[PDB]
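Taking it in order: structure first as structure tokens, then the write-up.
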Amino acid sequence: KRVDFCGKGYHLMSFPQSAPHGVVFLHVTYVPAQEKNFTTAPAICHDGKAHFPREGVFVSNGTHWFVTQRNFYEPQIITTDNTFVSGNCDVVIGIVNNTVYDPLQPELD
Amino acid sequence: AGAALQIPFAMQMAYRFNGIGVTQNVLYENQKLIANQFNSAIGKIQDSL
Ligand SMILES: *[C@@H]1O[C@H](CO)[C@@H](O[C@@H]2O[C@H](CO)[C@@H](O)[C@H](O)[C@H]2NC(C)=O)[C@H](O)[C@H]1NC(C)=O
Ligand SMILES: *[C@@H]1O[C@H](CO)[C@@H](O[C@@H]2O[C@H](CO)[C@@H](O)[C@H](O)[C@H]2NC(C)=O)[C@H](O)[C@H]1NC(C)=O
Ligand SMILES: *[C@@H]1O[C@H](CO)[C@@H](O)[C@H](O)[C@H]1NC(C)=O
């Protein structure tokens with residue numbers, strides 16, 4: 001996990017090889033590319049309750065909102081399964097209004 | 001690791017707190033105190049040096 005110890009980037013594995021009087025390591029590394037720019041937000045408060053993401057980040061393509069992981073872009077809809085609530089949106093800075101979907105009401109009806 | 005990807009400082013500090021165990025809610029609820037403490041410490045190191 002130590003950065004730049006072996007390889008340049010995120011380390012996956014290595015293969016050793018011999019030499020006349022030494023060793024040669026072949027490191028396999030993972031490098032991101034093809035980036036995109038998005039608009040973010042710290043937390044979203046619905047019905048006076050502020051929700052934060054568990055593992056990920058809020059993104060917006062201009063009209064809607066999604067939760068995506070940091071190292072890749074695969075959007076998901078915002079539910080109550082991948083977000084947790086703490087307090088109310090009075091003191092946190094950058095809060096944006098939105099709605100949070102839940103499955104219980106659609107499934108019960 | 002790769003290219004340079006911009007990120008707001010507050011969310012970077014949230015990630016850094018999340019790395020050491022403390023949840024990211026604590027920073028967002030205690031931003032002003034953290035900023036004041038950091039400013040005071042960086043002022044103190046000036047006189048210390
Ligand atoms: C932002 O993303 C949303 C969701 O991917 C887009 O909304 C969809 O737009 C397509 C385009 O016709 C529709 O067919 C879908 O029904 C829409 N889905 C939802 C849930 O709204 C939205 O268009 C994107 N914004 C921009 C500016 O492209
Ligand atoms: C999110 O919604 C709340 C409540 O609807 C908004 O709070 C109101 O904002 C208006 C606009 O300035 C004020 O006149 C009211 O006094 C506020 N409180 C209430 C109880 O209505 C809040 O502004 C919204 N935030 C965003 C970013 O849209
Ligand atoms: C996203 O938009 C900003 C605003 O101009 C721009 O600076 C940035 O370069 C864009 N992202 C990419 C990957 O070009």
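All residue names refer to the structure tokens as shown: chains lettered A, B, ... in order, residues numbered from 1 in each chain, ligands numbered from 1 in order.
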Please return as a PDB file with N, CA and C atoms, in the first residue's frame the residues found within 12 Å of ligand 1, counting only C-alpha atoms and all ligand atoms.
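Saved result, selection_7.pdb, follows:
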```
ATOM      1  N   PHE A  38     -17.171  17.084 -13.240  1.00  0.00           N
ATOM      2  CA  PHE A  38     -18.523  17.044 -12.697  1.00  0.00           C
ATOM      3  C   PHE A  38     -18.651  18.061 -11.573  1.00  0.00           C
ATOM      4  N   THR A  39     -19.892  18.297 -11.155  1.00  0.00           N
ATOM      5  CA  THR A  39     -20.203  19.192 -10.048  1.00  0.00           C
ATOM      6  C   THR A  39     -20.560  18.365  -8.819  1.00  0.00           C
ATOM      7  N   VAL A  59     -22.161  13.275  -7.283  1.00  0.00           N
ATOM      8  CA  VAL A  59     -21.843  13.925  -8.545  1.00  0.00           C
ATOM      9  C   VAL A  59     -23.145  14.336  -9.215  1.00  0.00           C
ATOM     10  N   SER A  60     -23.028  15.270 -10.154  1.00  0.00           N
ATOM     11  CA  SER A  60     -24.176  15.772 -10.894  1.00  0.00           C
ATOM     12  C   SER A  60     -23.744  16.101 -12.313  1.00  0.00           C
ATOM     13  N   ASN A  61     -24.500  15.613 -13.290  1.00  0.00           N
ATOM     14  CA  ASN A  61     -24.224  15.903 -14.690  1.00  0.00           C
ATOM     15  C   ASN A  61     -24.932  17.157 -15.182  1.00  0.00           C
ATOM     16  N   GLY A  62     -25.629  17.870 -14.302  1.00  0.00           N
ATOM     17  CA  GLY A  62     -26.294  19.101 -14.677  1.00  0.00           C
ATOM     18  C   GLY A  62     -27.729  19.188 -14.203  1.00  0.00           C
ATOM     19  N   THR A  63     -28.430  18.058 -14.186  1.00  0.00           N
ATOM     20  CA  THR A  63     -29.832  18.024 -13.785  1.00  0.00           C
ATOM     21  C   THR A  63     -30.102  17.119 -12.594  1.00  0.00           C
ATOM     22  N   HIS A  64     -29.508  15.932 -12.559  1.00  0.00           N
ATOM     23  CA  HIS A  64     -29.777  14.945 -11.523  1.00  0.00           C
ATOM     24  C   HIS A  64     -28.541  14.761 -10.647  1.00  0.00           C
ATOM     25  N   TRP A  65     -28.648  13.843  -9.690  1.00  0.00           N
ATOM     26  CA  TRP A  65     -27.577  13.558  -8.747  1.00  0.00           C
ATOM     27  C   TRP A  65     -27.366  12.054  -8.657  1.00  0.00           C
ATOM     28  N   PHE A  66     -26.114  11.658  -8.438  1.00  0.00           N
ATOM     29  CA  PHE A  66     -25.752  10.253  -8.324  1.00  0.00           C
ATOM     30  C   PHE A  66     -24.644  10.103  -7.294  1.00  0.00           C
ATOM     31  N   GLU A  74     -19.144   4.877 -12.256  1.00  0.00           N
ATOM     32  CA  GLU A  74     -20.355   4.114 -12.530  1.00  0.00           C
ATOM     33  C   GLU A  74     -21.479   4.644 -11.646  1.00  0.00           C
ATOM     34  N   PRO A  75     -22.369   5.467 -12.192  1.00  0.00           N
ATOM     35  CA  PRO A  75     -23.364   6.142 -11.355  1.00  0.00           C
ATOM     36  C   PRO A  75     -24.438   5.200 -10.842  1.00  0.00           C
ATOM     37  N   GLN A  76     -24.945   5.528  -9.656  1.00  0.00           N
ATOM     38  CA  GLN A  76     -26.066   4.833  -9.047  1.00  0.00           C
ATOM     39  C   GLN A  76     -27.040   5.862  -8.497  1.00  0.00           C
ATOM     40  N   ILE A  77     -28.307   5.478  -8.414  1.00  0.00           N
ATOM     41  CA  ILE A  77     -29.327   6.369  -7.880  1.00  0.00           C
ATOM     42  C   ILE A  77     -29.172   6.462  -6.367  1.00  0.00           C
ATOM     43  N   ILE A  78     -29.585   7.595  -5.806  1.00  0.00           N
ATOM     44  CA  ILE A  78     -29.428   7.836  -4.375  1.00  0.00           C
ATOM     45  C   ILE A  78     -30.592   7.194  -3.636  1.00  0.00           C
TER      46      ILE A  78
END
```
Please give me, as number ranges by chain, the residues lying within 8 Å of ligand 2 when counting only C-alpha atoms and all ligand atoms. A: 95-97
Dump the neighbourhood of ligand 3 as a PDB file with N, CA and C atoms, in the first residue's frame: all residues within 6 Å, distances computed on only C-alpha atoms and all ligand atoms.
```
ATOM      1  N   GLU A  35     -10.516  11.147 -18.163  1.00  0.00           N
ATOM      2  CA  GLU A  35     -11.207  11.787 -17.056  1.00  0.00           C
ATOM      3  C   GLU A  35     -12.367  12.648 -17.550  1.00  0.00           C
ATOM      4  N   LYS A  36     -13.273  12.958 -16.625  1.00  0.00           N
ATOM      5  CA  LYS A  36     -14.399  13.839 -16.894  1.00  0.00           C
ATOM      6  C   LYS A  36     -14.599  14.765 -15.704  1.00  0.00           C
ATOM      7  N   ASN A  37     -15.229  15.907 -15.963  1.00  0.00           N
ATOM      8  CA  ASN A  37     -15.457  16.934 -14.955  1.00  0.00           C
ATOM      9  C   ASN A  37     -16.925  16.950 -14.542  1.00  0.00           C
TER      10      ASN A  37
END
```
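Among the candidates A:67, A:104, A:33, A:44, the residue lying nearest to chain B is A:33 (atoms considered: only C-alpha atoms).
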Contacts of segment 3-11 of chain B at 12 Å or less, counting only C-alpha atoms, minus same-chain residues fewer than 6 places along, as a count of residues only? 37
Where in chain B does DSSP assign alpha helix (DSSP H), given as a PyMOL selection string? chain B and resi 9-20+25-29+31-48
Could you turn the residues from that selection into a file that holds N, CA and C atoms, as an mmCIF file, in the first residue's frame?
```cif
data_model
loop_
_atom_site.group_PDB
_atom_site.id
_atom_site.type_symbol
_atom_site.label_atom_id
_atom_site.label_comp_id
_atom_site.auth_asym_id
_atom_site.auth_seq_id
_atom_site.Cartn_x
_atom_site.Cartn_y
_atom_site.Cartn_z
ATOM 1 N N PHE B 9 -10.902 21.389 -1.141
ATOM 2 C CA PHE B 9 -10.054 21.068 0.004
ATOM 3 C C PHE B 9 -10.847 20.413 1.130
ATOM 4 N N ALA B 10 -12.088 20.856 1.346
ATOM 5 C CA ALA B 10 -12.887 20.310 2.439
ATOM 6 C C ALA B 10 -13.135 18.818 2.258
ATOM 7 N N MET B 11 -13.484 18.396 1.042
ATOM 8 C CA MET B 11 -13.687 16.974 0.798
ATOM 9 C C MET B 11 -12.388 16.181 0.833
ATOM 10 N N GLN B 12 -11.260 16.793 0.468
ATOM 11 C CA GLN B 12 -9.976 16.126 0.649
ATOM 12 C C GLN B 12 -9.685 15.872 2.124
ATOM 13 N N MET B 13 -9.943 16.862 2.981
ATOM 14 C CA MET B 13 -9.775 16.651 4.415
ATOM 15 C C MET B 13 -10.763 15.621 4.947
ATOM 16 N N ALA B 14 -11.973 15.581 4.388
ATOM 17 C CA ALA B 14 -12.937 14.557 4.778
ATOM 18 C C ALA B 14 -12.416 13.166 4.444
ATOM 19 N N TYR B 15 -11.842 13.005 3.250
ATOM 20 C CA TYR B 15 -11.233 11.728 2.882
ATOM 21 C C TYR B 15 -10.082 11.381 3.816
ATOM 22 N N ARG B 16 -9.276 12.378 4.185
ATOM 23 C CA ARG B 16 -8.129 12.111 5.045
ATOM 24 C C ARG B 16 -8.567 11.682 6.441
ATOM 25 N N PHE B 17 -9.615 12.308 6.985
ATOM 26 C CA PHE B 17 -10.171 11.835 8.252
ATOM 27 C C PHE B 17 -10.766 10.440 8.113
ATOM 28 N N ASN B 18 -11.491 10.187 7.021
ATOM 29 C CA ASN B 18 -12.068 8.865 6.801
ATOM 30 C C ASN B 18 -10.992 7.792 6.727
ATOM 31 N N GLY B 19 -9.796 8.158 6.266
ATOM 32 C CA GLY B 19 -8.715 7.190 6.183
ATOM 33 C C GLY B 19 -8.243 6.697 7.540
ATOM 34 N N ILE B 20 -8.225 7.581 8.544
ATOM 35 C CA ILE B 20 -7.684 7.227 9.854
ATOM 36 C C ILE B 20 -8.738 6.681 10.808
ATOM 37 N N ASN B 25 -18.331 12.880 8.943
ATOM 38 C CA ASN B 25 -19.288 13.825 9.507
ATOM 39 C C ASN B 25 -18.617 14.796 10.474
ATOM 40 N N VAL B 26 -17.605 14.324 11.205
ATOM 41 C CA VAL B 26 -16.981 15.127 12.253
ATOM 42 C C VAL B 26 -16.361 16.390 11.670
ATOM 43 N N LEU B 27 -15.648 16.261 10.548
ATOM 44 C CA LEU B 27 -15.032 17.434 9.935
ATOM 45 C C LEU B 27 -16.081 18.439 9.482
ATOM 46 N N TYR B 28 -17.145 17.961 8.833
ATOM 47 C CA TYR B 28 -18.160 18.873 8.323
ATOM 48 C C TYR B 28 -18.897 19.581 9.451
ATOM 49 N N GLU B 29 -19.020 18.944 10.616
ATOM 50 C CA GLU B 29 -19.648 19.606 11.752
ATOM 51 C C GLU B 29 -18.682 20.441 12.586
ATOM 52 N N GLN B 31 -15.767 22.388 11.177
ATOM 53 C CA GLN B 31 -14.824 22.980 10.233
ATOM 54 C C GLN B 31 -14.146 24.226 10.797
ATOM 55 N N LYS B 32 -14.915 25.115 11.432
ATOM 56 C CA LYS B 32 -14.354 26.381 11.899
ATOM 57 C C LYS B 32 -13.309 26.161 12.985
ATOM 58 N N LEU B 33 -13.588 25.253 13.921
ATOM 59 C CA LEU B 33 -12.632 24.966 14.984
ATOM 60 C C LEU B 33 -11.339 24.393 14.421
ATOM 61 N N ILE B 34 -11.448 23.492 13.442
ATOM 62 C CA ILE B 34 -10.260 22.915 12.820
ATOM 63 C C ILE B 34 -9.447 23.993 12.118
ATOM 64 N N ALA B 35 -10.118 24.874 11.372
ATOM 65 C CA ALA B 35 -9.402 25.944 10.683
ATOM 66 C C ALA B 35 -8.692 26.860 11.672
ATOM 67 N N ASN B 36 -9.377 27.239 12.755
ATOM 68 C CA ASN B 36 -8.764 28.113 13.750
ATOM 69 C C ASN B 36 -7.573 27.441 14.422
ATOM 70 N N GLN B 37 -7.701 26.155 14.759
ATOM 71 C CA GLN B 37 -6.593 25.444 15.389
ATOM 72 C C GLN B 37 -5.397 25.338 14.452
ATOM 73 N N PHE B 38 -5.644 25.040 13.173
ATOM 74 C CA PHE B 38 -4.544 24.951 12.218
ATOM 75 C C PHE B 38 -3.852 26.296 12.052
ATOM 76 N N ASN B 39 -4.630 27.380 11.967
ATOM 77 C CA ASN B 39 -4.034 28.707 11.856
ATOM 78 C C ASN B 39 -3.206 29.047 13.091
ATOM 79 N N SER B 40 -3.723 28.733 14.280
ATOM 80 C CA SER B 40 -2.978 29.016 15.503
ATOM 81 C C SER B 40 -1.677 28.225 15.556
ATOM 82 N N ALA B 41 -1.719 26.948 15.168
ATOM 83 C CA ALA B 41 -0.509 26.131 15.183
ATOM 84 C C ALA B 41 0.518 26.635 14.176
ATOM 85 N N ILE B 42 0.068 27.014 12.976
ATOM 86 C CA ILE B 42 1.001 27.489 11.962
ATOM 87 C C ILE B 42 1.566 28.851 12.345
ATOM 88 N N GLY B 43 0.812 29.650 13.103
ATOM 89 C CA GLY B 43 1.380 30.865 13.663
ATOM 90 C C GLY B 43 2.402 30.583 14.749
ATOM 91 N N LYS B 44 2.122 29.595 15.603
ATOM 92 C CA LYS B 44 3.021 29.283 16.710
ATOM 93 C C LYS B 44 4.355 28.741 16.212
ATOM 94 N N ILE B 45 4.328 27.911 15.165
ATOM 95 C CA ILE B 45 5.576 27.345 14.652
ATOM 96 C C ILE B 45 6.485 28.445 14.117
ATOM 97 N N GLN B 46 5.904 29.549 13.640
ATOM 98 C CA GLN B 46 6.699 30.681 13.173
ATOM 99 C C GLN B 46 7.583 31.227 14.287
ATOM 100 N N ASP B 47 6.980 31.543 15.435
ATOM 101 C CA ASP B 47 7.748 32.049 16.566
ATOM 102 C C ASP B 47 8.675 30.984 17.134
ATOM 103 N N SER B 48 8.245 29.720 17.127
ATOM 104 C CA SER B 48 9.105 28.649 17.622
ATOM 105 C C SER B 48 10.386 28.550 16.803
#
```
Atom CA of residue 55 of chain A and atom CA of residue 2 of chain A, how far apart in Å? 21.4 Å
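Closest approach to chain B among A:10, A:25, A:101, A:15 is made by A:10 (distances from only C-alpha atoms).
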If you count only C-alpha atoms, the residue of A:22, A:48, A:16, A:7 closest to chain B turns out to be A:7
When distances are computed from only C-alpha atoms, which of A:11, A:27, A:46, A:21 shows the smallest separation from chain B? A:11
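Between atom CA of residue 99 of chain A and atom CA of residue 73 of chain A the interatomic distance comes to 21.6 Å.
With only C-alpha atoms as the atoms that count, the residue of A:86, A:28, A:1, A:79 with the shortest distance to residue 13 of chain A is A:28.
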What residues in segment 44-105 of chain A get the DSSP label strand (DSSP E or B)? Please answer as a PyMOL selection string. chain A and resi 44-46+49-53+57-60+66-68+76+83-85+96-97
Between atom CA of residue 89 of chain A and atom CA of residue 68 of chain A - distance in Å to one decimal: 22.1 Å
